[PDB]
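Novice: I have a structure here, written as structure tokens, and I will follow up with some questions on it.
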Amino acid sequence: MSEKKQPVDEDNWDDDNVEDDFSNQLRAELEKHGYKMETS
Amino acid sequence: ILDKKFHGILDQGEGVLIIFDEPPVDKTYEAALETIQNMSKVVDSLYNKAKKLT
Amino acid sequence: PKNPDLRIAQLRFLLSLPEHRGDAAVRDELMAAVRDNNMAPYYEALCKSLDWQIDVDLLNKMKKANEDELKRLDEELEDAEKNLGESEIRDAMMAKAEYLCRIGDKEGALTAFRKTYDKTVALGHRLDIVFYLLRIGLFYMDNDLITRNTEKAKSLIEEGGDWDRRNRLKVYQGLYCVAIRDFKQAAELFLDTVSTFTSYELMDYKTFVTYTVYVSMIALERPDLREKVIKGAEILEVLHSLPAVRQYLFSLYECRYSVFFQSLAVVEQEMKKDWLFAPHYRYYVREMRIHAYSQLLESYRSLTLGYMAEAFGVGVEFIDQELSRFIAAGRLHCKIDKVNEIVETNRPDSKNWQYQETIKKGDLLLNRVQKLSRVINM
Amino acid sequence: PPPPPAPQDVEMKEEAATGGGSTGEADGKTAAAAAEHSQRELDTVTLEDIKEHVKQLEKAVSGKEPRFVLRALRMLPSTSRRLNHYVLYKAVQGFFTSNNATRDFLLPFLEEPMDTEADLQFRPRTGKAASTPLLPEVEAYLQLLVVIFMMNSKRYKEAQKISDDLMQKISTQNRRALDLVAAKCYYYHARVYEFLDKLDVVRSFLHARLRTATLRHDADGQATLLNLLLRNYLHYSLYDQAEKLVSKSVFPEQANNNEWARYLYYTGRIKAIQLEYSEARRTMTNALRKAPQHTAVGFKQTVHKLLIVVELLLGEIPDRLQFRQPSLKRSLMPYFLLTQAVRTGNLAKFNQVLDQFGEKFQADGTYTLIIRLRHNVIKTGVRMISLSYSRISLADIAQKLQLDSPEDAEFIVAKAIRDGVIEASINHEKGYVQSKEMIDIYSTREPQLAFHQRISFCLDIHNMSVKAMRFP
Amino acid sequence: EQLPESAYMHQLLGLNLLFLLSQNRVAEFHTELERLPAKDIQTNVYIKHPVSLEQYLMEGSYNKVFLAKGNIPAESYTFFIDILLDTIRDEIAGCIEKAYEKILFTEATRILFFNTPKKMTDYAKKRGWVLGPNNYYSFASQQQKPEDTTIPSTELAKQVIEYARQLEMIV
Amino acid sequence: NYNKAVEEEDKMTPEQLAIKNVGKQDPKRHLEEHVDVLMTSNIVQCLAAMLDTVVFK
Amino acid sequence: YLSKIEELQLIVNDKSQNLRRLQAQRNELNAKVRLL
């Protein structure tokens with residue numbers, strides 16, 4: 001049904017939905033998350 | 001508490017342990033989980049729907 | 001005849017993630033090339049590895065030897081098919097031609113898989129097919145291979161099946177369920193542990209022990225936790241050769257958290273350094289952390305960051321971003337304060353959301369079936 | 001010459017149904033709408049929009065439109081012999097020489113079914129004779145010797161407005177065929193009129209055409225011409241949405257079941273551009289779940305990119321990737337990083353996505369998003385952190401989001417109380433928020449307030465299924 | 001539309017927009033953002049300054065008012081920025097303790113301006129206000145003590161009457 | 001508890017309505033007897049919830 | 001032509017005969033269910 005204005009108009013990708021729930025959060029970094037032990 | 005030998009709440013601020021419990025409500029549980037199964041069955045009837053349409 | 005090529009899976013991953021040893025892959029894999037006459041360890045190391053100063057003549061004379069074994073196969077196949085044998089010479093060529101696919105590229109796959117793919121007649125002539133496409137689908141990053149040949153095996157090989165090889169299919173499906181982060185199904189399919197001592201498909205059953213602990217620490221409940229690693233020992237011998245795994249599971253059974261930092265850091269070192277984990281490790285760290293944090297808050301309510309900083313160290317503004325994004329990740333039902341320093345454990349299940357989910361389904365479902373009943377008029 | 005028999009077949013299958021069958025479905029029928037060949041013919045118009053229509057090229061030039069428009073006659077029962085004429089003229093394309101008699105010779109061809117005889121009385125045959133030739137001419141808008149002829153063919157369709165307005169002289173409800181065809185062809189009117197310039201007196205055409213369809217025949221005309229009027233006021237400057245605010249008469253049977261869906265979409269874009277979050281996102285949601293199917297390739301996609309702009313403006317949206325057509329990916333190369341800039345709180349990235357993709361943001365053309373998207377970033381911050389901590393300080397969140405002073409954090413918290421998300425007050429000495437979350441708010445009598453609407457909505461749909469059970 | 005280019009075009013839109021901003025509209029602002037959008041960000045300080053000024057007004061700054069009033073006569077927007085001062089002050093009359101604890105003389109001096117006229121005294125004697133001892137409160141309880149009736153039962157019992165009634169007559 | 005314990009076998013019927021194409025002779029209808037019981041029984045319960053607000057005033 | 005639209009437009013309201021055609025058929029159906 002094209003009758004409107006419009007005739008001018010989970011490999012790594014559903015993991016990307018939780019990863020874009022994670023993209024601003026701790027990429028891997030693994031040292032930081034292992035060196036927060038010994039600064040005290 | 002994590003082994004359900006002891007049903008209550010401890011404290012550190014005021015130091016007051018308080019034991020209480022009330023888990024089972026089948027009025028909520030059995031009804032709503034059977035509605036979840038009902039909705040799965042209605043999704044199973046969605047193809048009778050999508051078959052009579054097209 | 002799968003285990004050095006599962007080491008090739010190991011070693012193509014060694015070429016993939018660790019660039020700390022940027023040519024250890026071509027080291028032990030070129031050794032695995034100059035033994036067993038395997039030529040894919042410089043086909044795919046000609047594609048993805050280094051730019052090859054000189055190994056041309058000393059490995060293309062053995063590509064000519066690859067052609068020698070390939071053409072004595074390509075003469076044995078006709079000089080042996082003279083006998084009235086149903087798929088016998090087809091089996092003798094499929095063994096060494098999928099072993100050529102082990103040796104070479106997807107030329108071996110197209111002259112082996114597609115050749116003994118159609119005319120299959122028996123239990124082994126489809127068992128070896130499903131397993132020897134499962135090998136290369138486990139080796140590369142493919143999904144249609146390792147799942148759709150097992151779907152063929154559920155169709156073709158079973159008819160109800162055997163007792164062992166369907167559990168071997170369960171082992172392969174649980175290996176995809178640990179390749180993807182399918183938590184419940186990995187451990188559910190790794191439940192049995194009676195028929196997988198060491199086949200020709202297990203270059204390390206202790207890596208199966210790692211695969212069952214690395215998912216049982218998440219998915220398995222606490223009565224299930226004691227039911228698996230307390231009530232039974234059949235995994236606990238082969239991981240009582242690995243005591244820190246047992247120690248970490250009993251500390252998980254205890255709630256002591258600085259050794260969670262310790263041994264979870266061990267598991268996360270290996271989680272970078274074990275394959276089928278590299279698109280998937282990011283969820284694991286915070287997921288195990290919150291898997292402890294749930295029972296942590298289930299201890300009590302008037303908690304702090306000092307009595308928890310005993311377990312955390314300086315978990316003060318660590319738990320700022322940590323627990324705040326656990327709150328903002330739709331997780332960890334709690335309330336938390338700064339200087340009054342409240343903690344909250346909450347959510348009895350008969351409250352509002354279990355009352356809500358019915359119309360949550362049947363509003364979109366409602367107007368779905370309603371518009372489906374509005375196509376009927378005009 | 002072997003493929004043009006397929007238009008030869010489908011052409012006769014169309015006007016057999018349309019002409020003979022819907023003329024017999026117009027003679028005495030239509031108790032509500034017994035013109036089922038009207039919906040059959042709109043199905044075949046969608047079929048001619050899937051395929052080439054009849055004679056755009058078809059390995060020849062101009063065969064069917066000079067042929068079949070002759071000799072309908074509606075007479076003594078040997079007019080199936082005129083149908084036999086229609087059938088046995090088809091040796092011309094296969095055997096004889098084809099010649100060009102379309103788009104130039106059509107001007108007396110349209111007058112042939114009137115100048116043969118007094119054919120019949122009903123207008124759907126006239127709408128047939130001016131639609132079924134001329135709708136196969138509109139979708140070739142190459143603007144050279146083809147668009148002035150779409151223009152004149154729809155001037156004949158304006159004569160079809162005239163012979164829709166002054167034919168049957170009152171109350172013969174042939175509008176449930178001609179408005180059903182006229183929805184389509186008036187959309188193509190607006191298309192061909194606005195392939196060149198904005199339409200000016202066609203606005204008053206559309207106004208009076210909405211006027212004439214008011215009560216005497218109020219069937220599928222008002223809503224479709226209102227879609228035309230709405231997209232008219234949408235494509236151009238925005239002055240007469242107060243007309244919908246004062247003359248909201250927009251409620252038919254909502255017949256075509258997708259017309260109402262896209263209608264609610266267009267007026268959701270309206271309330272999105274007037275000012276709304278709540279009502280606009282719920283009618284966007286209702287049009288979203290009222291997507292009819294996905295049987296039309298990637299047409300939900302660009303229109304959905306512009307649909308959930310308001311959900312982006314909520315700030316409570318994750319990445320939207322479940323909608324993503326892979327052929328939409330190369331066009332959402334801005335839009336993916338835009339919803340990433342929604343998930344991120346960076347300011348330099350908030351303006352560097354703009355500095356990177358302002359041209360596609362102009363392709364959107366709806367900088368109402370960017371006039372409030374910074375405010376959306378600070379409201380995302382306040383929703384997250386104010387749901388997070390009970391007694392936070394304004395300095396913690398402030399110099400965690402680079403506010404540099406107490407008093408603008410005070411104005412943020414004050415306009416957030418004014419916007420009403422959380423209780424959070426100020427321990428007034430120099431700021432230093434004293435606040436709380438809200439659990440133990442209420443949980444028992446308050447659900448059963450909304451459960452009246454739950455089950456009253458359910459019983460509404462009960463009675464609607466009853467009145468839908470009435471149909472067979 | 002093909003007219004000679006209008007001289008006062010840039011600030012007649014600004015007069016209308018600042019009058020709109022003074023009278024607190026909600027959607028004519030956006031039809032103004034739709035009728036001529038392309039001359040808003042690139043140029044036209046009579047429009048470019050009020051629209052980012054509106055972004056700053058609903059960003060959280062009544063001090064950008066005075067930063068801006070550094071230079072906005074703009075051919076007699078002076079009356080309209082006086083009405084903008086009025087929509088500062090009566091929105092202070094609303095937003096001075098919406099849900100605040102208490103303010104003092106100095107937060108009146110910061111959020112309000114003109115340190116003490118008879119106009120903030122008129123506020124304290126005009127809105128039903130308690131001028132505490134160099135101190136402020138909305139009331140003695142700030143919320144007029146909400147319980148709403150202490151009876152949520154019988155009105156929903158009448159709801160049950162018509163609810164069972166509508167479940168009647170239907171099957 | 002009656003009205004749940006029999007509702008699970010009530011919903012064992014639409015699985016039997018999934019006959020994918022058609023494999024069932026006539027509707028074999030078990031929709032009823034749990035509309036009406038729920039209907040009039042909870043009409044009785046809601047008018048009983050009325051009854052205290054009725055007798056009291 | 002003043003009142004000369006209204007009776008024929010009330011004849012447009014004669015889906016009542018079809019919805020009640022289902023109702024009278026159901027009358028017959030369940031009435032002879034009963035009689036059976």
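Identifiers for the structure tokens are assigned positionally: chains receive A, B, ... in sequence, residues are indexed from 1 per chain, and ligands are indexed from 1 in the order shown.
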Give me, as CSV, each residue of chain A that comes within 8 Å of chain D, together with its shortest interatomic pair and the distance in Å at one decimal, counting only C-alpha atoms, with rows ordered by chain and rising residue number.
Specialist:
```
residue,atom,partner,partner_atom,distance
A:1,CA,D:296,CA,6.3
A:2,CA,D:296,CA,7.0
A:3,CA,D:184,CA,7.1
A:4,CA,D:187,CA,7.5
A:6,CA,D:299,CA,6.8
A:9,CA,D:302,CA,6.8
A:14,CA,D:321,CA,7.8
A:17,CA,D:319,CA,6.2
A:20,CA,D:319,CA,6.3
A:21,CA,D:318,CA,6.8
A:24,CA,D:344,CA,6.5
```
Novice: Next, write the just-selected residues to a file, as a PDB file, in the first residue's frame, keeping C-alpha atoms as the atom set.
Specialist:
```
ATOM      1  CA  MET A   1       0.000   0.000   0.000  1.00  0.00           C
ATOM      2  CA  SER A   2       1.994   2.947  -1.353  1.00  0.00           C
ATOM      3  CA  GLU A   3      -0.909   5.424  -1.441  1.00  0.00           C
ATOM      4  CA  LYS A   4       0.601   8.414   0.418  1.00  0.00           C
ATOM      5  CA  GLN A   6       6.133   8.228  -0.080  1.00  0.00           C
ATOM      6  CA  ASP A   9      10.940   8.238  -0.548  1.00  0.00           C
ATOM      7  CA  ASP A  14      21.062  -7.240  17.983  1.00  0.00           C
ATOM      8  CA  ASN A  17      21.189  -3.024  20.933  1.00  0.00           C
ATOM      9  CA  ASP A  20      24.313   0.663  22.563  1.00  0.00           C
ATOM     10  CA  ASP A  21      22.864   0.197  25.980  1.00  0.00           C
ATOM     11  CA  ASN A  24      28.909   4.847  26.793  1.00  0.00           C
TER      12      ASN A  24
END
```
Novice: Within 10 Å of chain E, which residues of chain D show up when using only C-alpha atoms, listed as a tab-separated table (two decimals) with N, CA, C and O atoms, in the first residue's frame?
Specialist:
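The resulting selection.tsv:
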```tsv
chain	number	residue	atom	x	y	z
D	236	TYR	N	3.86	23.15	2.68
D	236	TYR	CA	4.03	24.58	2.56
D	236	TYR	C	3.93	25.19	3.97
D	236	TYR	O	3.89	24.45	4.96
D	237	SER	N	3.95	26.52	4.05
D	237	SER	CA	3.92	27.25	5.32
D	237	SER	C	2.66	26.93	6.12
D	237	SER	O	1.63	26.51	5.58
D	238	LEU	N	2.76	27.15	7.42
D	238	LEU	CA	1.94	26.46	8.41
D	238	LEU	C	1.07	27.49	9.12
D	238	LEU	O	1.44	28.05	10.15
D	239	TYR	N	-0.09	27.77	8.53
D	239	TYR	CA	-0.99	28.82	8.99
D	239	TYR	C	-2.37	28.31	9.37
D	239	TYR	O	-3.00	28.88	10.26
D	241	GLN	N	-3.58	25.24	10.59
D	241	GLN	CA	-3.79	24.13	11.51
D	241	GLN	C	-4.75	24.53	12.61
D	241	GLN	O	-5.41	23.68	13.22
D	271	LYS	N	0.87	17.65	15.40
D	271	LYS	CA	1.02	17.92	16.83
D	271	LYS	C	2.46	17.86	17.30
D	271	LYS	O	2.80	18.47	18.32
D	272	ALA	N	3.32	17.14	16.57
D	272	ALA	CA	4.75	17.18	16.82
D	272	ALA	C	5.32	18.55	16.49
D	272	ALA	O	6.20	19.05	17.20
D	273	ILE	N	4.82	19.17	15.43
D	273	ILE	CA	5.36	20.46	15.02
D	273	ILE	C	4.57	21.62	15.63
D	273	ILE	O	5.08	22.75	15.65
D	274	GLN	N	3.35	21.39	16.13
D	274	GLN	CA	2.70	22.44	16.91
D	274	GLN	C	3.45	22.66	18.22
D	274	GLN	O	4.25	23.58	18.33
D	275	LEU	N	3.18	21.79	19.21
D	275	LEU	CA	4.03	21.40	20.33
D	275	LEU	C	3.34	20.26	21.05
D	275	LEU	O	2.24	20.48	21.59
D	276	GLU	N	3.97	19.09	21.15
D	276	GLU	CA	3.47	18.01	21.99
D	276	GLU	C	4.56	16.96	22.17
D	276	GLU	O	5.34	16.71	21.24
D	362	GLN	N	18.53	19.02	7.59
D	362	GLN	CA	17.67	19.82	6.72
D	362	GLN	C	16.79	18.95	5.83
D	362	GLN	O	15.71	19.39	5.43
D	365	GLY	N	14.43	18.67	8.08
D	365	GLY	CA	13.83	19.98	8.02
D	365	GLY	C	13.03	20.37	9.23
D	365	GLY	O	12.12	21.20	9.13
D	366	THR	N	13.32	19.77	10.38
D	366	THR	CA	12.48	19.86	11.57
D	366	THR	C	13.34	20.20	12.80
D	366	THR	O	13.28	19.53	13.83
D	367	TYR	N	14.10	21.31	12.71
D	367	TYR	CA	15.01	21.81	13.76
D	367	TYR	C	14.28	22.20	15.11
D	367	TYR	O	14.93	22.70	16.05
D	368	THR	N	12.97	21.96	15.20
D	368	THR	CA	12.30	21.78	16.49
D	368	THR	C	12.94	20.68	17.32
D	368	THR	O	12.86	20.71	18.55
D	371	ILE	N	16.08	22.49	18.71
D	371	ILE	CA	15.76	23.61	19.59
D	371	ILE	C	15.43	23.12	20.99
D	371	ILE	O	15.44	23.92	21.94
D	372	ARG	N	15.17	21.82	21.16
D	372	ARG	CA	14.89	21.27	22.48
D	372	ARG	C	15.74	20.04	22.78
D	372	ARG	O	15.53	19.41	23.82
D	374	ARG	N	19.07	19.82	23.31
D	374	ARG	CA	19.97	20.12	24.42
D	374	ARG	C	19.23	20.07	25.75
D	374	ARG	O	19.73	19.50	26.74
D	375	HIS	N	18.04	20.67	25.79
D	375	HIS	CA	17.16	20.57	26.95
D	375	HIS	C	16.77	19.13	27.21
D	375	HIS	O	16.62	18.72	28.37
D	378	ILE	N	19.73	17.58	29.07
D	378	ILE	CA	19.76	17.89	30.50
D	378	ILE	C	18.57	17.25	31.22
D	378	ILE	O	18.69	16.87	32.39
D	407	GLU	N	23.93	28.39	40.92
D	407	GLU	CA	22.64	29.04	40.68
D	407	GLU	C	21.98	28.60	39.38
D	407	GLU	O	20.75	28.55	39.31
D	408	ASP	N	22.75	28.21	38.36
D	408	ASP	CA	22.10	27.63	37.20
D	408	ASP	C	21.70	26.19	37.43
D	408	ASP	O	20.73	25.73	36.84
D	409	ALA	N	22.40	25.48	38.33
D	409	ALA	CA	21.91	24.19	38.80
D	409	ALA	C	20.63	24.36	39.61
D	409	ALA	O	19.74	23.50	39.55
D	410	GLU	N	20.51	25.47	40.34
D	410	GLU	CA	19.27	25.80	41.03
D	410	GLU	C	18.14	26.05	40.04
D	410	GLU	O	17.01	25.61	40.26
D	411	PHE	N	18.43	26.79	38.96
D	411	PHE	CA	17.42	27.02	37.93
D	411	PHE	C	17.06	25.73	37.19
D	411	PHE	O	15.91	25.55	36.81
D	412	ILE	N	18.02	24.81	37.04
D	412	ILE	CA	17.73	23.50	36.46
D	412	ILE	C	16.80	22.70	37.36
D	412	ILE	O	15.78	22.17	36.90
D	413	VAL	N	17.14	22.59	38.65
D	413	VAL	CA	16.31	21.86	39.60
D	413	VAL	C	14.95	22.53	39.76
D	413	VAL	O	13.92	21.85	39.86
D	414	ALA	N	14.90	23.86	39.68
D	414	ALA	CA	13.65	24.60	39.82
D	414	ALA	C	12.74	24.40	38.62
D	414	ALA	O	11.54	24.15	38.77
D	415	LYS	N	13.30	24.47	37.41
D	415	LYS	CA	12.51	24.20	36.22
D	415	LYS	C	12.23	22.71	36.04
D	415	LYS	O	11.35	22.36	35.26
D	416	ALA	N	12.92	21.84	36.78
D	416	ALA	CA	12.57	20.43	36.82
D	416	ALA	C	11.44	20.15	37.80
D	416	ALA	O	10.64	19.24	37.56
D	417	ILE	N	11.38	20.89	38.91
D	417	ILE	CA	10.20	20.86	39.76
D	417	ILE	C	9.00	21.43	39.01
D	417	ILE	O	7.89	20.90	39.08
D	418	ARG	N	9.22	22.54	38.29
D	418	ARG	CA	8.20	23.12	37.43
D	418	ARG	C	7.77	22.16	36.33
D	418	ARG	O	6.60	22.12	35.96
D	420	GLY	N	8.13	18.92	36.92
D	420	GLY	CA	7.54	17.87	37.73
D	420	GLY	C	7.96	16.44	37.48
D	420	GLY	O	7.16	15.62	37.02
D	423	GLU	N	10.67	15.14	43.63
D	423	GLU	CA	10.33	16.05	44.71
D	423	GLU	C	11.43	17.08	44.98
D	423	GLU	O	11.14	18.12	45.57
D	424	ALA	N	12.64	16.85	44.46
D	424	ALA	CA	13.92	17.36	44.97
D	424	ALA	C	14.00	18.85	45.30
D	424	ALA	O	13.95	19.69	44.40
D	425	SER	N	14.19	19.17	46.58
D	425	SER	CA	14.26	20.54	47.07
D	425	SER	C	15.70	20.89	47.44
D	425	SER	O	16.63	20.09	47.26
D	426	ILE	N	15.88	22.09	47.96
D	426	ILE	CA	17.21	22.65	48.21
D	426	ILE	C	17.33	22.93	49.70
D	426	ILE	O	16.49	23.62	50.28
D	427	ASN	N	18.39	22.40	50.33
D	427	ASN	CA	18.72	22.74	51.72
D	427	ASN	C	19.34	24.13	51.71
D	427	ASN	O	20.56	24.28	51.80
D	428	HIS	N	18.48	25.14	51.64
D	428	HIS	CA	18.89	26.49	51.27
D	428	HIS	C	19.82	27.10	52.30
D	428	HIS	O	19.37	27.62	53.33
D	429	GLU	N	21.13	26.98	52.05
D	429	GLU	CA	22.11	27.90	52.60
D	429	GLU	C	23.00	28.42	51.48
D	429	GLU	O	23.22	29.63	51.38
D	430	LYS	N	23.48	27.51	50.63
D	430	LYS	CA	24.20	27.86	49.40
D	430	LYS	C	23.87	26.87	48.29
D	430	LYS	O	24.69	26.63	47.40
D	434	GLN	N	18.60	18.90	49.38
D	434	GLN	CA	18.03	17.92	50.30
D	434	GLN	C	16.76	17.38	49.66
D	434	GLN	O	15.87	18.14	49.26
D	445	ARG	N	-5.34	0.98	45.56
D	445	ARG	CA	-6.54	1.67	45.05
D	445	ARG	C	-6.25	2.42	43.75
D	445	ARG	O	-7.15	2.65	42.95
D	446	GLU	N	-5.00	2.76	43.52
D	446	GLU	CA	-4.58	3.47	42.32
D	446	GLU	C	-4.56	2.59	41.06
D	446	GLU	O	-4.94	3.09	39.99
D	448	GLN	N	-6.70	0.11	40.62
D	448	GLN	CA	-8.11	-0.11	40.34
D	448	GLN	C	-8.84	1.15	39.94
D	448	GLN	O	-9.99	1.06	39.49
D	449	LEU	N	-8.21	2.32	40.07
D	449	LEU	CA	-8.66	3.49	39.32
D	449	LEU	C	-8.51	3.27	37.82
D	449	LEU	O	-9.47	3.45	37.06
D	452	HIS	N	-10.85	0.50	35.83
D	452	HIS	CA	-12.07	0.96	35.19
D	452	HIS	C	-11.85	1.23	33.71
D	452	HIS	O	-12.63	0.79	32.87
D	455	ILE	N	-11.01	-2.28	31.81
D	455	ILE	CA	-12.09	-3.20	31.50
D	455	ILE	C	-13.25	-2.48	30.80
D	455	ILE	O	-13.99	-3.11	30.04
D	456	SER	N	-13.40	-1.17	31.00
D	456	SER	CA	-14.36	-0.43	30.19
D	456	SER	C	-13.90	-0.36	28.74
D	456	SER	O	-14.73	-0.47	27.83
D	459	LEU	N	-14.76	-3.81	27.42
D	459	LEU	CA	-16.17	-4.02	27.11
D	459	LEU	C	-16.60	-3.19	25.91
D	459	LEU	O	-17.53	-3.58	25.19
D	460	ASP	N	-15.94	-2.04	25.70
D	460	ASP	CA	-16.07	-1.33	24.43
D	460	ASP	C	-15.68	-2.23	23.27
D	460	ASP	O	-16.42	-2.32	22.28
D	462	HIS	N	-15.58	-5.49	23.34
D	462	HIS	CA	-16.62	-6.52	23.33
D	462	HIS	C	-17.77	-6.12	22.43
D	462	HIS	O	-18.11	-6.84	21.48
D	463	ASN	N	-18.38	-4.97	22.71
D	463	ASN	CA	-19.51	-4.49	21.91
D	463	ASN	C	-19.10	-4.17	20.48
D	463	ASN	O	-19.92	-4.30	19.57
D	466	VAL	N	-19.15	-7.31	18.84
D	466	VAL	CA	-20.55	-7.68	18.66
D	466	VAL	C	-21.07	-7.03	17.39
D	466	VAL	O	-21.62	-7.70	16.51
```
Novice: For residue 4 in chain B, which of B:33, B:25, B:43, B:19 is the closest residue, counting only C-alpha atoms?
Specialist: B:19
Novice: Would you mind listing, as an NGL selection string, all residues of chain G that have at least one atom within 10 Å of chain D, where only C-alpha atoms are what counts?
Specialist: :G and (1 or 4-6 or 8-9 or 11-16 or 18-23)
Novice: How would the residues just picked look written out with N, CA and C atoms as a CSV table (one decimal), in the first residue's frame?
Specialist:
```csv
chain,number,residue,atom,x,y,z
G,1,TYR,N,-37.2,18.6,-3.8
G,1,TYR,CA,-36.0,17.8,-3.6
G,1,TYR,C,-35.6,18.0,-2.1
G,4,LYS,N,-37.0,15.0,-0.2
G,4,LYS,CA,-36.9,13.9,-1.2
G,4,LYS,C,-35.5,13.3,-1.2
G,5,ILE,N,-34.7,13.4,-0.2
G,5,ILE,CA,-33.5,12.7,0.0
G,5,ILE,C,-33.7,11.7,1.2
G,6,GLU,N,-34.6,12.0,2.1
G,6,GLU,CA,-34.5,11.5,3.5
G,6,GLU,C,-35.0,10.1,3.7
G,8,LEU,N,-35.1,7.7,1.2
G,8,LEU,CA,-34.1,6.9,0.6
G,8,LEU,C,-32.8,6.9,1.4
G,9,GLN,N,-32.5,7.9,2.1
G,9,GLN,CA,-31.3,7.8,3.1
G,9,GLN,C,-31.7,7.0,4.3
G,11,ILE,N,-33.5,4.4,3.9
G,11,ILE,CA,-33.3,3.1,3.3
G,11,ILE,C,-31.8,2.7,3.3
G,12,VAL,N,-30.9,3.7,3.3
G,12,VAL,CA,-29.5,3.4,3.5
G,12,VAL,C,-29.2,2.8,4.9
G,13,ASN,N,-30.1,3.1,5.9
G,13,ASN,CA,-30.0,2.5,7.2
G,13,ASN,C,-30.5,1.0,7.2
G,14,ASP,N,-30.7,0.3,6.1
G,14,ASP,CA,-31.3,-1.0,6.1
G,14,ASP,C,-30.2,-2.1,6.2
G,15,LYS,N,-29.1,-1.8,6.8
G,15,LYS,CA,-28.3,-2.9,7.3
G,15,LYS,C,-28.8,-3.6,8.6
G,16,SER,N,-29.8,-2.9,9.2
G,16,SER,CA,-30.5,-3.4,10.3
G,16,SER,C,-31.2,-4.7,9.9
G,18,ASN,N,-29.9,-6.8,7.7
G,18,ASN,CA,-28.9,-7.8,7.6
G,18,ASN,C,-28.3,-8.2,8.9
G,19,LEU,N,-28.1,-7.2,9.8
G,19,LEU,CA,-27.6,-7.6,11.2
G,19,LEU,C,-28.7,-8.4,11.9
G,20,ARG,N,-29.9,-8.0,11.7
G,20,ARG,CA,-31.0,-8.8,12.2
G,20,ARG,C,-31.3,-10.0,11.3
G,21,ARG,N,-30.8,-10.0,10.1
G,21,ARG,CA,-30.8,-11.3,9.4
G,21,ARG,C,-30.0,-12.4,10.1
G,22,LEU,N,-28.8,-12.0,10.5
G,22,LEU,CA,-28.0,-12.8,11.4
G,22,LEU,C,-28.8,-13.1,12.7
G,23,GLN,N,-29.5,-12.1,13.2
G,23,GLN,CA,-30.2,-12.3,14.5
G,23,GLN,C,-31.4,-13.2,14.3
```
Novice: Starting from chain F, keep only residues with some atom at most 8 Å from an atom of chain E, counting only C-alpha atoms, and report them as a list in words.
Specialist: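 Contact residues on the first chain: residues 43, 46, 47, 49, 50 and 53 of chain F.
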Novice: Could you take the residues named above and write them with C-alpha atoms, as a PDB file, in the first residue's frame?
Specialist:
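And here's part-v2.pdb as it stands now:
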```pdb
ATOM      1  CA  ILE F  43     -21.166  -9.234  39.635  1.00  0.00           C
ATOM      2  CA  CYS F  46     -18.795  -6.219  43.169  1.00  0.00           C
ATOM      3  CA  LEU F  47     -22.309  -5.700  44.437  1.00  0.00           C
ATOM      4  CA  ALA F  49     -18.434  -4.607  47.722  1.00  0.00           C
ATOM      5  CA  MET F  50     -21.376  -2.269  47.224  1.00  0.00           C
ATOM      6  CA  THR F  53     -21.397   1.130  51.365  1.00  0.00           C
TER       7      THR F  53
END
```
Novice: Pull out every residue of chain F sitting within 10 Å of chain B, counting only C-alpha atoms, and send them as a list in words.
Specialist: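 So the residues of chain F near chain B are residues 1, 3, 4, 5, 7, 8, 10, 11, 12, 13, 14, 15, 16, 17, 18, 19, 20, 21 and 22 of chain F.
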Novice: Distance cut-off 8 Å, counting only C-alpha atoms - which residues of chain C neighbour chain A? Return them as a list in words.
Specialist: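 Going by the stated atoms only, the list reads residues 261, 265, 268, 279, 282, 313, 314 and 329 of chain C.
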Novice: Skipping near chain neighbours, those fewer than 4 positions away, what residues fall within 12 Å of residue 16 in chain B using only C-alpha atoms, listed as a list in words?
Specialist: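 Here the answer would be residues 8, 9, 10, 11 and 12 of chain B; 300, 301 and 302 of chain C.
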Novice: Please report as JSON lines every residue of chain C lying within 7 Å of chain B, along with the nearest atom pair and their distance in Å (one decimal), using only C-alpha atoms.
Specialist:
```
{"residue": "C:299", "atom": "CA", "partner": "B:1", "partner_atom": "CA", "distance": 6.9}
{"residue": "C:300", "atom": "CA", "partner": "B:10", "partner_atom": "CA", "distance": 4.9}
{"residue": "C:301", "atom": "CA", "partner": "B:11", "partner_atom": "CA", "distance": 6.2}
{"residue": "C:302", "atom": "CA", "partner": "B:11", "partner_atom": "CA", "distance": 5.0}
{"residue": "C:303", "atom": "CA", "partner": "B:12", "partner_atom": "CA", "distance": 6.1}
{"residue": "C:350", "atom": "CA", "partner": "B:28", "partner_atom": "CA", "distance": 5.9}
{"residue": "C:354", "atom": "CA", "partner": "B:32", "partner_atom": "CA", "distance": 6.4}
{"residue": "C:355", "atom": "CA", "partner": "B:32", "partner_atom": "CA", "distance": 6.9}
{"residue": "C:358", "atom": "CA", "partner": "B:35", "partner_atom": "CA", "distance": 6.5}
{"residue": "C:372", "atom": "CA", "partner": "B:49", "partner_atom": "CA", "distance": 6.9}
```
